[PDB]
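In the form deposited in one PDB entry, a lone chain appears below as structure tokens.
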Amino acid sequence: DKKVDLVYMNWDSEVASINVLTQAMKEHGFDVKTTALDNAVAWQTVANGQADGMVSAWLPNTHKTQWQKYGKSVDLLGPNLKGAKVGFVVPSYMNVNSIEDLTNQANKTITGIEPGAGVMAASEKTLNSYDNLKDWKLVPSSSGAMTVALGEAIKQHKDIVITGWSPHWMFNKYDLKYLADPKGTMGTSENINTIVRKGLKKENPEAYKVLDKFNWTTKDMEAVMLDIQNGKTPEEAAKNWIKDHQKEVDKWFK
């Protein structure tokens, strides 16, 4: 009776990863349950032992608030995707190249996602750290609302500054660039990590080993996200990537 209970958040990056892992585990005989939750709630759920784990911990800086609160109540298994990043992203036609260069562009507004995301906390730290951003403000919306706003700005050739991150499909759709962050307040060496509930190793060893071994690359996640943007369901997008990289996937289960 193989069994696993996973949580994830509503970011295009984590929809791809949770669907890839879920389908892989299903093909190897696991009964898999998944639940989409707010950032802080996903962390709390694993910390209470109501979920077995998640593969969506952006560390060290992005989810530092959650790590300070819940870090002692979970088992950090380590990076599953190396070399991720967060920062202020602008269209490449904008003349500014650094966060220090921003003055009165884009109505002095940072276009954000949902208030509970880690990138929003880092954005608020950034607004208080750079003196030139004194009169600026972070406006929350959502993951989906941000990309829709990015598209409309670009059609009109507007100034816009968004709370962006990699991996994300938008870099292969629009011509964008990260603003330099010499103070490093948006994070500097982020990885996407796997965490599991304490006791999983002992109680559910089969699930623990798979979750411990799970890993893939920026390009792999980009590939799955790409399919979802072009009309494929997350399930069939996950299945397509697994088939294409079957021997890579098999390594998680040995």
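The numbering used is simple: start at 1 and walk along the sequence shown.
Absent from the display: the form deposited in another entry. The rest refers to it.
Two rigid parts turn against each other between this form and the one not shown; the point where they join, the hinge, is 84 in the list 126, 84, 146, 23. Three angstroms is the minimum change: in the other form, the CA atoms of residue 55 and residue 120 sit farther apart than in this structure, by 3 Å or more. Legend note: Cα of residue 220 to Cα of residue 175 is at least 3 Å closer in the other form than in the depicted form.
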